[PDB]
>>> print(open('start_10.pdb').read())   # PDB, C-alpha atoms and all ligand atoms
ATOM      1  CA  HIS A   3      50.423 126.692-225.215  1.00  0.00           C
ATOM      2  CA  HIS A   4      53.968 127.086-223.794  1.00  0.00           C
ATOM      3  CA  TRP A   5      54.128 128.331-220.211  1.00  0.00           C
ATOM      4  CA  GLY A   6      55.033 131.901-219.453  1.00  0.00           C
ATOM      5  CA  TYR A   7      54.015 134.875-217.338  1.00  0.00           C
ATOM      6  CA  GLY A   8      51.264 136.262-219.559  1.00  0.00           C
ATOM      7  CA  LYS A   9      47.501 136.356-219.005  1.00  0.00           C
ATOM      8  CA  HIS A  10      46.956 133.174-220.987  1.00  0.00           C
ATOM      9  CA  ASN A  11      49.989 131.078-219.980  1.00  0.00           C
ATOM     10  CA  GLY A  12      50.897 132.518-216.593  1.00  0.00           C
ATOM     11  CA  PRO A  13      51.345 130.962-213.114  1.00  0.00           C
ATOM     12  CA  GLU A  14      47.642 130.299-212.583  1.00  0.00           C
ATOM     13  CA  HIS A  15      47.625 128.142-215.727  1.00  0.00           C
ATOM     14  CA  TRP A  16      50.687 125.981-214.917  1.00  0.00           C
ATOM     15  CA  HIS A  17      48.808 123.292-212.984  1.00  0.00           C
ATOM     16  CA  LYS A  18      47.227 122.100-216.231  1.00  0.00           C
ATOM     17  CA  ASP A  19      50.551 120.877-217.622  1.00  0.00           C
ATOM     18  CA  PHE A  20      52.348 120.493-214.259  1.00  0.00           C
ATOM     19  CA  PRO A  21      49.885 119.213-211.614  1.00  0.00           C
ATOM     20  CA  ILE A  22      52.658 119.391-209.032  1.00  0.00           C
ATOM     21  CA  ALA A  23      51.977 123.157-209.074  1.00  0.00           C
ATOM     22  CA  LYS A  24      49.328 122.451-206.436  1.00  0.00           C
ATOM     23  CA  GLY A  25      51.664 120.217-204.396  1.00  0.00           C
ATOM     24  CA  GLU A  26      52.593 120.222-200.704  1.00  0.00           C
ATOM     25  CA  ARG A  27      55.989 121.962-200.905  1.00  0.00           C
ATOM     26  CA  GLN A  28      55.737 124.618-203.590  1.00  0.00           C
ATOM     27  CA  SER A  29      57.750 127.842-203.711  1.00  0.00           C
ATOM     28  CA  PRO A  30      57.994 130.732-203.293  1.00  0.00           C
ATOM     29  CA  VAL A  31      56.314 131.436-199.955  1.00  0.00           C
ATOM     30  CA  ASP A  32      55.826 134.458-197.722  1.00  0.00           C
ATOM     31  CA  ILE A  33      58.324 134.537-194.866  1.00  0.00           C
ATOM     32  CA  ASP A  34      56.445 135.501-191.706  1.00  0.00           C
ATOM     33  CA  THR A  35      59.317 136.767-189.545  1.00  0.00           C
ATOM     34  CA  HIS A  36      57.301 136.337-186.353  1.00  0.00           C
ATOM     35  CA  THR A  37      56.506 132.657-186.776  1.00  0.00           C
ATOM     36  CA  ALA A  38      59.860 131.599-188.282  1.00  0.00           C
ATOM     37  CA  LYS A  39      61.608 129.494-185.633  1.00  0.00           C
ATOM     38  CA  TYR A  40      65.156 130.416-184.673  1.00  0.00           C
ATOM     39  CA  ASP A  41      67.081 127.139-184.693  1.00  0.00           C
ATOM     40  CA  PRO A  42      70.396 127.069-182.779  1.00  0.00           C
ATOM     41  CA  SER A  43      71.260 123.750-184.463  1.00  0.00           C
ATOM     42  CA  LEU A  44      71.727 125.454-187.824  1.00  0.00           C
ATOM     43  CA  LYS A  45      75.382 125.859-188.771  1.00  0.00           C
ATOM     44  CA  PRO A  46      76.808 128.896-190.569  1.00  0.00           C
ATOM     45  CA  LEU A  47      76.674 128.777-194.354  1.00  0.00           C
ATOM     46  CA  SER A  48      79.919 128.008-196.150  1.00  0.00           C
ATOM     47  CA  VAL A  49      80.238 129.577-199.577  1.00  0.00           C
ATOM     48  CA  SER A  50      83.468 128.804-201.457  1.00  0.00           C
ATOM     49  CA  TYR A  51      83.299 130.670-204.750  1.00  0.00           C
ATOM     50  CA  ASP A  52      86.965 131.538-205.177  1.00  0.00           C
ATOM     51  CA  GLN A  53      87.516 128.881-207.856  1.00  0.00           C
ATOM     52  CA  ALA A  54      84.282 129.647-209.721  1.00  0.00           C
ATOM     53  CA  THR A  55      84.481 129.339-213.504  1.00  0.00           C
ATOM     54  CA  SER A  56      81.718 131.149-215.421  1.00  0.00           C
ATOM     55  CA  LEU A  57      81.245 130.128-219.045  1.00  0.00           C
ATOM     56  CA  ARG A  58      78.229 131.724-220.691  1.00  0.00           C
ATOM     57  CA  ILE A  59      75.213 134.035-220.290  1.00  0.00           C
ATOM     58  CA  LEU A  60      71.945 132.973-221.937  1.00  0.00           C
ATOM     59  CA  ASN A  61      68.432 134.347-222.489  1.00  0.00           C
ATOM     60  CA  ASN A  62      66.197 131.293-222.193  1.00  0.00           C
ATOM     61  CA  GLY A  63      62.912 133.065-222.836  1.00  0.00           C
ATOM     62  CA  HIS A  64      61.907 133.346-219.200  1.00  0.00           C
ATOM     63  CA  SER A  65      65.004 134.885-217.602  1.00  0.00           C
ATOM     64  CA  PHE A  66      68.737 135.152-218.259  1.00  0.00           C
ATOM     65  CA  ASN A  67      71.135 132.611-216.805  1.00  0.00           C
ATOM     66  CA  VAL A  68      74.853 132.812-216.149  1.00  0.00           C
ATOM     67  CA  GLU A  69      76.239 129.247-216.311  1.00  0.00           C
ATOM     68  CA  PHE A  70      79.261 127.859-214.497  1.00  0.00           C
ATOM     69  CA  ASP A  71      81.573 124.901-215.063  1.00  0.00           C
ATOM     70  CA  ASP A  72      80.210 122.287-212.630  1.00  0.00           C
ATOM     71  CA  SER A  73      82.415 119.365-213.770  1.00  0.00           C
ATOM     72  CA  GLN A  74      84.421 119.667-210.529  1.00  0.00           C
ATOM     73  CA  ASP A  75      84.022 121.099-207.007  1.00  0.00           C
ATOM     74  CA  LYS A  76      85.029 124.648-208.079  1.00  0.00           C
ATOM     75  CA  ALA A  77      82.231 126.746-206.580  1.00  0.00           C
ATOM     76  CA  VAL A  78      80.402 124.949-203.818  1.00  0.00           C
ATOM     77  CA  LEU A  79      77.997 125.535-200.977  1.00  0.00           C
ATOM     78  CA  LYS A  80      77.789 123.540-197.751  1.00  0.00           C
ATOM     79  CA  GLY A  81      76.957 123.975-194.112  1.00  0.00           C
ATOM     80  CA  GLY A  82      73.781 125.688-193.023  1.00  0.00           C
ATOM     81  CA  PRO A  83      70.982 123.072-193.087  1.00  0.00           C
ATOM     82  CA  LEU A  84      72.820 121.109-195.797  1.00  0.00           C
ATOM     83  CA  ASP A  85      74.402 117.661-195.623  1.00  0.00           C
ATOM     84  CA  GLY A  86      77.109 117.329-198.220  1.00  0.00           C
ATOM     85  CA  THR A  87      78.489 119.394-201.053  1.00  0.00           C
ATOM     86  CA  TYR A  88      76.338 121.283-203.529  1.00  0.00           C
ATOM     87  CA  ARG A  89      77.878 122.593-206.757  1.00  0.00           C
ATOM     88  CA  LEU A  90      76.951 125.925-208.350  1.00  0.00           C
ATOM     89  CA  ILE A  91      75.574 125.396-211.849  1.00  0.00           C
ATOM     90  CA  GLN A  92      73.944 128.770-212.656  1.00  0.00           C
ATOM     91  CA  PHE A  93      72.327 131.899-211.243  1.00  0.00           C
ATOM     92  CA  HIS A  94      69.418 133.926-212.698  1.00  0.00           C
ATOM     93  CA  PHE A  95      66.987 136.720-211.718  1.00  0.00           C
ATOM     94  CA  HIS A  96      63.250 137.455-211.362  1.00  0.00           C
ATOM     95  CA  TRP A  97      62.236 141.137-211.598  1.00  0.00           C
ATOM     96  CA  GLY A  98      59.216 143.404-211.932  1.00  0.00           C
ATOM     97  CA  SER A  99      57.843 146.079-214.245  1.00  0.00           C
ATOM     98  CA  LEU A 100      58.053 148.572-211.369  1.00  0.00           C
ATOM     99  CA  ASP A 101      60.337 148.910-208.338  1.00  0.00           C
ATOM    100  CA  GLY A 102      57.629 147.762-205.927  1.00  0.00           C
ATOM    101  CA  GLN A 103      57.416 144.196-207.219  1.00  0.00           C
ATOM    102  CA  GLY A 104      59.685 141.566-208.736  1.00  0.00           C
ATOM    103  CA  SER A 105      60.794 139.212-205.965  1.00  0.00           C
ATOM    104  CA  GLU A 106      59.309 135.755-205.602  1.00  0.00           C
ATOM    105  CA  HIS A 107      59.699 135.324-201.866  1.00  0.00           C
ATOM    106  CA  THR A 108      58.266 138.093-199.694  1.00  0.00           C
ATOM    107  CA  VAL A 109      59.105 139.029-196.102  1.00  0.00           C
ATOM    108  CA  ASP A 110      56.060 139.928-194.022  1.00  0.00           C
ATOM    109  CA  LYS A 111      54.285 140.508-197.343  1.00  0.00           C
ATOM    110  CA  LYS A 112      56.961 142.950-198.505  1.00  0.00           C
ATOM    111  CA  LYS A 113      57.960 142.512-202.159  1.00  0.00           C
ATOM    112  CA  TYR A 114      61.418 143.536-203.387  1.00  0.00           C
ATOM    113  CA  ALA A 115      62.430 144.849-206.813  1.00  0.00           C
ATOM    114  CA  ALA A 116      64.096 141.605-207.871  1.00  0.00           C
ATOM    115  CA  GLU A 117      65.390 138.272-206.577  1.00  0.00           C
ATOM    116  CA  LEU A 118      68.632 136.497-207.402  1.00  0.00           C
ATOM    117  CA  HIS A 119      68.690 132.681-207.444  1.00  0.00           C
ATOM    118  CA  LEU A 120      72.016 130.807-207.092  1.00  0.00           C
ATOM    119  CA  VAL A 121      71.263 127.184-208.038  1.00  0.00           C
ATOM    120  CA  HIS A 122      73.433 124.335-206.660  1.00  0.00           C
ATOM    121  CA  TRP A 123      73.067 120.538-207.007  1.00  0.00           C
ATOM    122  CA  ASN A 124      74.004 117.795-204.511  1.00  0.00           C
ATOM    123  CA  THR A 125      77.205 116.046-205.716  1.00  0.00           C
ATOM    124  CA  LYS A 127      76.097 112.717-204.238  1.00  0.00           C
ATOM    125  CA  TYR A 128      73.799 112.439-207.275  1.00  0.00           C
ATOM    126  CA  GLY A 129      76.322 112.713-210.096  1.00  0.00           C
ATOM    127  CA  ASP A 130      74.630 115.291-212.298  1.00  0.00           C
ATOM    128  CA  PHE A 131      71.946 117.991-212.208  1.00  0.00           C
ATOM    129  CA  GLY A 132      69.345 115.867-214.004  1.00  0.00           C
ATOM    130  CA  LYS A 133      69.487 113.105-211.378  1.00  0.00           C
ATOM    131  CA  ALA A 134      69.607 115.654-208.565  1.00  0.00           C
ATOM    132  CA  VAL A 135      66.263 117.305-209.443  1.00  0.00           C
ATOM    133  CA  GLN A 136      64.560 113.939-208.914  1.00  0.00           C
ATOM    134  CA  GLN A 137      65.566 113.842-205.216  1.00  0.00           C
ATOM    135  CA  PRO A 138      64.001 115.642-202.170  1.00  0.00           C
ATOM    136  CA  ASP A 139      67.427 117.025-201.180  1.00  0.00           C
ATOM    137  CA  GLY A 140      68.752 117.376-204.696  1.00  0.00           C
ATOM    138  CA  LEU A 141      69.137 121.137-204.979  1.00  0.00           C
ATOM    139  CA  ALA A 142      70.100 124.054-202.772  1.00  0.00           C
ATOM    140  CA  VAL A 143      69.012 127.486-203.949  1.00  0.00           C
ATOM    141  CA  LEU A 144      70.417 130.624-202.330  1.00  0.00           C
ATOM    142  CA  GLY A 145      67.917 133.477-202.689  1.00  0.00           C
ATOM    143  CA  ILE A 146      69.025 137.118-202.477  1.00  0.00           C
ATOM    144  CA  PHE A 147      66.651 140.119-202.482  1.00  0.00           C
ATOM    145  CA  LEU A 148      67.444 143.240-204.521  1.00  0.00           C
ATOM    146  CA  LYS A 149      66.282 146.717-203.445  1.00  0.00           C
ATOM    147  CA  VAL A 150      66.722 149.922-205.448  1.00  0.00           C
ATOM    148  CA  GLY A 151      69.204 152.401-204.042  1.00  0.00           C
ATOM    149  CA  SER A 152      72.919 152.637-204.719  1.00  0.00           C
ATOM    150  CA  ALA A 153      74.653 150.747-207.543  1.00  0.00           C
ATOM    151  CA  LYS A 154      76.153 147.285-207.039  1.00  0.00           C
ATOM    152  CA  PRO A 155      79.582 147.503-208.743  1.00  0.00           C
ATOM    153  CA  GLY A 156      79.752 143.720-209.002  1.00  0.00           C
ATOM    154  CA  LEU A 157      76.541 143.585-211.034  1.00  0.00           C
ATOM    155  CA  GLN A 158      77.699 145.961-213.766  1.00  0.00           C
ATOM    156  CA  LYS A 159      79.487 143.343-215.909  1.00  0.00           C
ATOM    157  CA  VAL A 160      76.193 141.444-216.158  1.00  0.00           C
ATOM    158  CA  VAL A 161      74.239 144.590-216.976  1.00  0.00           C
ATOM    159  CA  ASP A 162      76.690 145.533-219.729  1.00  0.00           C
ATOM    160  CA  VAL A 163      76.263 142.258-221.627  1.00  0.00           C
ATOM    161  CA  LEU A 164      72.450 142.150-221.672  1.00  0.00           C
ATOM    162  CA  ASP A 165      72.400 144.057-224.981  1.00  0.00           C
ATOM    163  CA  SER A 166      73.932 141.060-226.736  1.00  0.00           C
ATOM    164  CA  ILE A 167      71.300 138.575-225.501  1.00  0.00           C
ATOM    165  CA  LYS A 168      68.171 140.722-225.895  1.00  0.00           C
ATOM    166  CA  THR A 169      65.962 137.962-227.316  1.00  0.00           C
ATOM    167  CA  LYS A 170      65.136 134.302-226.584  1.00  0.00           C
ATOM    168  CA  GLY A 171      67.763 131.784-227.615  1.00  0.00           C
ATOM    169  CA  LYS A 172      70.697 134.198-227.674  1.00  0.00           C
ATOM    170  CA  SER A 173      73.831 133.545-225.648  1.00  0.00           C
ATOM    171  CA  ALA A 174      77.293 135.034-225.235  1.00  0.00           C
ATOM    172  CA  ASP A 175      80.631 134.011-223.733  1.00  0.00           C
ATOM    173  CA  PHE A 176      80.794 135.228-220.159  1.00  0.00           C
ATOM    174  CA  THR A 177      84.044 134.140-218.552  1.00  0.00           C
ATOM    175  CA  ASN A 178      85.884 135.323-215.466  1.00  0.00           C
ATOM    176  CA  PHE A 179      82.779 136.579-213.664  1.00  0.00           C
ATOM    177  CA  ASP A 180      83.102 136.402-209.876  1.00  0.00           C
ATOM    178  CA  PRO A 181      79.801 135.666-208.078  1.00  0.00           C
ATOM    179  CA  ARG A 182      81.213 136.871-204.755  1.00  0.00           C
ATOM    180  CA  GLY A 183      80.399 140.433-205.792  1.00  0.00           C
ATOM    181  CA  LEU A 184      76.658 139.694-205.569  1.00  0.00           C
ATOM    182  CA  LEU A 185      76.742 138.646-201.944  1.00  0.00           C
ATOM    183  CA  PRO A 186      75.470 140.793-199.057  1.00  0.00           C
ATOM    184  CA  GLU A 187      77.729 141.436-196.048  1.00  0.00           C
ATOM    185  CA  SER A 188      75.792 139.140-193.688  1.00  0.00           C
ATOM    186  CA  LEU A 189      74.999 135.487-194.331  1.00  0.00           C
ATOM    187  CA  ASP A 190      72.053 135.195-191.873  1.00  0.00           C
ATOM    188  CA  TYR A 191      69.214 133.277-193.518  1.00  0.00           C
ATOM    189  CA  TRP A 192      65.842 131.548-193.383  1.00  0.00           C
ATOM    190  CA  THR A 193      65.419 128.021-194.739  1.00  0.00           C
ATOM    191  CA  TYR A 194      62.524 125.721-195.602  1.00  0.00           C
ATOM    192  CA  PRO A 195      61.961 122.739-197.980  1.00  0.00           C
ATOM    193  CA  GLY A 196      60.437 123.818-201.293  1.00  0.00           C
ATOM    194  CA  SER A 197      60.504 123.588-205.073  1.00  0.00           C
ATOM    195  CA  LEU A 198      61.685 125.083-208.354  1.00  0.00           C
ATOM    196  CA  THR A 199      59.628 128.253-209.052  1.00  0.00           C
ATOM    197  CA  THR A 200      59.309 127.576-212.790  1.00  0.00           C
ATOM    198  CA  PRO A 201      58.072 124.386-214.498  1.00  0.00           C
ATOM    199  CA  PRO A 202      58.692 121.488-213.956  1.00  0.00           C
ATOM    200  CA  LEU A 203      58.210 122.850-210.383  1.00  0.00           C
ATOM    201  CA  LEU A 204      59.910 119.770-208.879  1.00  0.00           C
ATOM    202  CA  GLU A 205      59.946 119.604-205.078  1.00  0.00           C
ATOM    203  CA  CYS A 206      63.675 118.994-204.772  1.00  0.00           C
ATOM    204  CA  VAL A 207      64.856 122.283-203.266  1.00  0.00           C
ATOM    205  CA  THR A 208      66.243 123.315-199.891  1.00  0.00           C
ATOM    206  CA  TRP A 209      65.735 127.074-199.985  1.00  0.00           C
ATOM    207  CA  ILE A 210      68.253 129.324-198.265  1.00  0.00           C
ATOM    208  CA  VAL A 211      66.910 132.880-198.238  1.00  0.00           C
ATOM    209  CA  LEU A 212      69.267 135.606-197.058  1.00  0.00           C
ATOM    210  CA  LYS A 213      67.911 138.170-194.605  1.00  0.00           C
ATOM    211  CA  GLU A 214      70.030 141.043-196.005  1.00  0.00           C
ATOM    212  CA  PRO A 215      69.177 142.520-199.436  1.00  0.00           C
ATOM    213  CA  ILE A 216      71.776 143.921-201.803  1.00  0.00           C
ATOM    214  CA  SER A 217      71.263 147.374-203.334  1.00  0.00           C
ATOM    215  CA  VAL A 218      71.209 148.050-207.055  1.00  0.00           C
ATOM    216  CA  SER A 219      70.555 151.348-208.832  1.00  0.00           C
ATOM    217  CA  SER A 220      67.422 152.182-210.866  1.00  0.00           C
ATOM    218  CA  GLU A 221      69.590 152.342-213.998  1.00  0.00           C
ATOM    219  CA  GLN A 222      70.818 148.789-213.371  1.00  0.00           C
ATOM    220  CA  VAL A 223      67.321 147.276-212.878  1.00  0.00           C
ATOM    221  CA  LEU A 224      66.183 149.342-215.888  1.00  0.00           C
ATOM    222  CA  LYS A 225      68.465 147.298-218.130  1.00  0.00           C
ATOM    223  CA  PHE A 226      66.854 144.012-216.969  1.00  0.00           C
ATOM    224  CA  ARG A 227      63.565 145.451-218.228  1.00  0.00           C
ATOM    225  CA  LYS A 228      64.939 145.877-221.744  1.00  0.00           C
ATOM    226  CA  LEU A 229      65.198 142.134-222.322  1.00  0.00           C
ATOM    227  CA  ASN A 230      62.640 140.305-224.466  1.00  0.00           C
ATOM    228  CA  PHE A 231      60.591 137.139-223.822  1.00  0.00           C
ATOM    229  CA  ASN A 232      60.344 136.716-227.606  1.00  0.00           C
ATOM    230  CA  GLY A 233      62.865 135.529-230.145  1.00  0.00           C
ATOM    231  CA  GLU A 234      64.377 137.761-232.796  1.00  0.00           C
ATOM    232  CA  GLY A 235      61.983 138.692-235.575  1.00  0.00           C
ATOM    233  CA  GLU A 236      58.836 138.262-233.480  1.00  0.00           C
ATOM    234  CA  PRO A 237      56.562 140.876-231.868  1.00  0.00           C
ATOM    235  CA  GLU A 238      58.452 142.413-228.943  1.00  0.00           C
ATOM    236  CA  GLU A 239      57.230 141.465-225.480  1.00  0.00           C
ATOM    237  CA  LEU A 240      59.372 142.963-222.717  1.00  0.00           C
ATOM    238  CA  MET A 241      60.679 140.511-220.128  1.00  0.00           C
ATOM    239  CA  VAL A 242      59.203 141.940-216.904  1.00  0.00           C
ATOM    240  CA  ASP A 243      57.283 140.432-214.002  1.00  0.00           C
ATOM    241  CA  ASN A 244      58.756 136.949-214.542  1.00  0.00           C
ATOM    242  CA  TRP A 245      57.972 136.019-210.951  1.00  0.00           C
ATOM    243  CA  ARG A 246      55.622 133.486-209.423  1.00  0.00           C
ATOM    244  CA  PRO A 247      53.313 134.555-206.562  1.00  0.00           C
ATOM    245  CA  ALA A 248      53.657 133.153-203.046  1.00  0.00           C
ATOM    246  CA  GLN A 249      52.230 129.663-202.509  1.00  0.00           C
ATOM    247  CA  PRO A 250      50.690 128.282-199.319  1.00  0.00           C
ATOM    248  CA  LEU A 251      53.179 127.071-196.698  1.00  0.00           C
ATOM    249  CA  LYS A 252      50.986 124.144-195.698  1.00  0.00           C
ATOM    250  CA  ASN A 253      52.666 121.699-193.288  1.00  0.00           C
ATOM    251  CA  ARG A 254      56.050 123.508-193.384  1.00  0.00           C
ATOM    252  CA  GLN A 255      58.106 125.404-190.810  1.00  0.00           C
ATOM    253  CA  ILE A 256      60.480 128.186-191.768  1.00  0.00           C
ATOM    254  CA  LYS A 257      63.592 128.195-189.617  1.00  0.00           C
ATOM    255  CA  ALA A 258      65.885 131.173-189.040  1.00  0.00           C
ATOM    256  CA  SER A 259      69.626 131.020-188.395  1.00  0.00           C
ATOM    257  CA  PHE A 260      69.412 134.177-186.285  1.00  0.00           C
ATOM    258  CA  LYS A 261      67.419 135.547-183.369  1.00  0.00           C
TER     259      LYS A 261
HETATM  260 ZN    ZN B 301      64.541 131.472-209.976  1.00  0.00          ZN
END
>>> encode(input="start_10.pdb", output="structure tokens", more="lines below")
Ligand SMILES: [Zn+2]
Amino acid sequence: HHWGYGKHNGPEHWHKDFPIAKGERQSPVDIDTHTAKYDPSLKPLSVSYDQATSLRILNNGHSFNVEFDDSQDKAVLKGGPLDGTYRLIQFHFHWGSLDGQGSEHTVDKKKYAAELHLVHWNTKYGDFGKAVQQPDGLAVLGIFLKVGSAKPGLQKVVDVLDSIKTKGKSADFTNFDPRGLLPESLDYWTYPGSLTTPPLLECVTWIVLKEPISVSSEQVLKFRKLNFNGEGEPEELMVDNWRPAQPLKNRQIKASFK
């Protein structure tokens, strides 16, 4: 029926409704740090999130998204391997049922507890919908989460999850600053890929940060209290909403550092 992460509608079933699932540039992938090519041509990333305007937090049934006002160049990303300006539209997470799994991308086969995705669309295309239909339409900044000390900047998000426990629920979420989710270093790996959830369009330039951010066990625990289901239905905890690594095929992963 509808896609999900369960035994009967999980990742291995997606190809039936979205044949692109078996395409040539699917994500996520395993980052082999020894074969990734350091490219001196890559420019530093430029993240300008000082004017970011968050609007709402929503449980869409597969994750929770924090949405931003993308009607103007308020929070943008440029530089790196990108040509042009990409606007931040939303960020969301993928996490596991246990601390040893949860991330989508892996580094030398190592899985992290969760993975943060900051989705941006190329302004040259006018709107998000047109952007996803282009090979260079989106830029997604991926950040790994490891369990350790608390991330102060993440607490506001954690505190509101109670109000959006089930599918379809949303709440006002203004004045949230995404800069508090960033690691200290901006070194990264990049390769051409796709969305990791249906429609799995191959329109993404992935920018995966080398440095993980630390979150406490109590923080990740609250992610695990969310529900895939809507209110009034049998409770199915939202955990392990991650897609396994896909084959790299004819792609090269480039690193911005040596
Ligand atoms: Zn994602």
>>> residues_near_point(input="start_10.pdb", point="(66.4, 138.0, -214.5)", cutoff="6 Å", atoms="all atoms listed in the file", output="PDB file with C-alpha atoms, keeping the file's coordinate frame")
ATOM      1  CA  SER A  65      65.004 134.885-217.602  1.00  0.00           C
ATOM      2  CA  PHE A  66      68.737 135.152-218.259  1.00  0.00           C
ATOM      3  CA  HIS A  94      69.418 133.926-212.698  1.00  0.00           C
ATOM      4  CA  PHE A  95      66.987 136.720-211.718  1.00  0.00           C
ATOM      5  CA  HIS A  96      63.250 137.455-211.362  1.00  0.00           C
ATOM      6  CA  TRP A  97      62.236 141.137-211.598  1.00  0.00           C
TER       7      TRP A  97
END
>>> residues_near_ligand(input="start_10.pdb", ligand="ligand ZN 301 (chain B)", cutoff="8 Å", atoms="all atoms listed in the file", output="ChimeraX atom specification")
/A:93-96,117-119,198-200
>>> residues_around(input="start_10.pdb", residues="residue A:107", least_positions_apart="2", cutoff="6 Å", atoms="only C-alpha atoms", output="list in words")
residues 30, 31, 32 and 105 of chain A
>>> axis_aligned_box(input="start_10.pdb", around="stretch 256-260 of chain A", padding_each_side="6 Å", output="AutoDock Vina command-line options")
--center_x 65.1 --center_y 131.2 --center_z -189.0 --size_x 21.1 --size_y 18.0 --size_z 17.5
>>> resolve_selection(input="start_10.pdb", expression="the PyMOL selection byres (((chain A and resi 114) around 8) and not hetatm)", output="count of residues only")
14
>>> resolve_selection(input="start_10.pdb", expression="the PyMOL selection byres (((chain A and resi 228-235) around 6) and not hetatm)", output="ChimeraX atom specification")
/A:63,168-170,225-227,236,239-241
>>> write_last_selection(input="start_10.pdb", atoms="C-alpha atoms", output="PDB file, in the frame of the given file")
ATOM      1  CA  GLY A  63      62.912 133.065-222.836  1.00  0.00           C
ATOM      2  CA  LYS A 168      68.171 140.722-225.895  1.00  0.00           C
ATOM      3  CA  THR A 169      65.962 137.962-227.316  1.00  0.00           C
ATOM      4  CA  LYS A 170      65.136 134.302-226.584  1.00  0.00           C
ATOM      5  CA  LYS A 225      68.465 147.298-218.130  1.00  0.00           C
ATOM      6  CA  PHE A 226      66.854 144.012-216.969  1.00  0.00           C
ATOM      7  CA  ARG A 227      63.565 145.451-218.228  1.00  0.00           C
ATOM      8  CA  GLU A 236      58.836 138.262-233.480  1.00  0.00           C
ATOM      9  CA  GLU A 239      57.230 141.465-225.480  1.00  0.00           C
ATOM     10  CA  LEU A 240      59.372 142.963-222.717  1.00  0.00           C
ATOM     11  CA  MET A 241      60.679 140.511-220.128  1.00  0.00           C
TER      12      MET A 241
END
>>> closest_residue(input="start_10.pdb", among="A:173, A:92, A:249, A:158", to="residue A:120", atoms="only C-alpha atoms")
A:92
>>> closest_residue(input="start_10.pdb", among="A:62, A:217, A:137, A:55", to="residue A:91", atoms="all atoms listed in the file")
A:55
>>> resolve_selection(input="start_10.pdb", expression="the PyMOL selection byres (((chain A and resi 26) around 9) and not hetatm)", output="list in words")
residues 22, 23, 24, 25, 27, 28, 196, 205, 250, 251, 252, 253 and 254 of chain A
>>> write_last_selection(input="start_10.pdb", atoms="C-alpha atoms", output="PDB file, in the frame of the given file")
ATOM      1  CA  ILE A  22      52.658 119.391-209.032  1.00  0.00           C
ATOM      2  CA  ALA A  23      51.977 123.157-209.074  1.00  0.00           C
ATOM      3  CA  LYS A  24      49.328 122.451-206.436  1.00  0.00           C
ATOM      4  CA  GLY A  25      51.664 120.217-204.396  1.00  0.00           C
ATOM      5  CA  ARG A  27      55.989 121.962-200.905  1.00  0.00           C
ATOM      6  CA  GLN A  28      55.737 124.618-203.590  1.00  0.00           C
ATOM      7  CA  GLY A 196      60.437 123.818-201.293  1.00  0.00           C
ATOM      8  CA  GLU A 205      59.946 119.604-205.078  1.00  0.00           C
ATOM      9  CA  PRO A 250      50.690 128.282-199.319  1.00  0.00           C
ATOM     10  CA  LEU A 251      53.179 127.071-196.698  1.00  0.00           C
ATOM     11  CA  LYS A 252      50.986 124.144-195.698  1.00  0.00           C
ATOM     12  CA  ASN A 253      52.666 121.699-193.288  1.00  0.00           C
ATOM     13  CA  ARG A 254      56.050 123.508-193.384  1.00  0.00           C
TER      14      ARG A 254
END
>>> atom_distance(input="start_10.pdb", atom1="atom CA of residue A:176", atom2="atom CA of residue A:162")
11.1 Å
>>> closest_residue(input="start_10.pdb", among="A:64, A:127, A:159, A:89", to="residue A:8", atoms="only C-alpha atoms")
A:64
>>> residues_around(input="start_10.pdb", residues="residue A:139", least_positions_apart="6", cutoff="12 Å", atoms="all atoms listed in the file", output="MDAnalysis selection string")
chainID A and resid 83:88 122:125 127:128 131 133 194:197 204:209
>>> closest_residue(input="start_10.pdb", among="A:221, A:214, A:238, A:180", to="residue A:69", atoms="only C-alpha atoms")
A:180
>>> closest_residue(input="start_10.pdb", among="A:12, A:129, A:237, A:181", to="residue A:50", atoms="all atoms listed in the file")
A:181
>>> residues_around(input="start_10.pdb", residues="residue A:175", least_positions_apart="5", cutoff="7 Å", atoms="only C-alpha atoms", output="ChimeraX atom specification")
/A:57-59
>>> closest_residue(input="start_10.pdb", among="A:110, A:19, A:165, A:190", to="residue A:45", atoms="only C-alpha atoms")
A:190
>>> atom_distance(input="start_10.pdb", atom1="atom CA of residue A:183", atom2="atom CA of residue A:156")
4.6 Å
>>> atom_distance(input="start_10.pdb", atom1="atom CA of residue A:244", atom2="atom CA of residue A:14")
13.1 Å
>>> residues_around(input="start_10.pdb", residues="residue A:43", least_positions_apart="3", cutoff="10 Å", atoms="only C-alpha atoms", output="list in words")
residues 40, 46, 82, 83 and 259 of chain A
>>> decode(input="start_10.pdb", residues="stretch 144-149 of chain A", atoms="N, CA and C atoms", output="PDB file, in the first residue's frame")
ATOM      1  N   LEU A 144      22.502  19.164   2.698  1.00  0.00           N
ATOM      2  CA  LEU A 144      23.631  19.169   3.613  1.00  0.00           C
ATOM      3  C   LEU A 144      23.337  18.092   4.661  1.00  0.00           C
ATOM      4  N   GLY A 145      24.134  17.028   4.666  1.00  0.00           N
ATOM      5  CA  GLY A 145      23.953  15.943   5.616  1.00  0.00           C
ATOM      6  C   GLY A 145      24.898  16.018   6.817  1.00  0.00           C
ATOM      7  N   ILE A 146      24.340  15.907   8.017  1.00  0.00           N
ATOM      8  CA  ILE A 146      25.121  15.976   9.245  1.00  0.00           C
ATOM      9  C   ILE A 146      24.861  14.733  10.108  1.00  0.00           C
ATOM     10  N   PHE A 147      25.929  14.038  10.479  1.00  0.00           N
ATOM     11  CA  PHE A 147      25.826  12.847  11.331  1.00  0.00           C
ATOM     12  C   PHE A 147      25.659  13.220  12.811  1.00  0.00           C
ATOM     13  N   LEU A 148      24.879  12.421  13.534  1.00  0.00           N
ATOM     14  CA  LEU A 148      24.678  12.612  14.958  1.00  0.00           C
ATOM     15  C   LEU A 148      25.218  11.392  15.707  1.00  0.00           C
ATOM     16  N   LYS A 149      26.039  11.633  16.721  1.00  0.00           N
ATOM     17  CA  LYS A 149      26.580  10.562  17.561  1.00  0.00           C
ATOM     18  C   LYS A 149      26.090  10.857  18.973  1.00  0.00           C
TER      19      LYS A 149
END
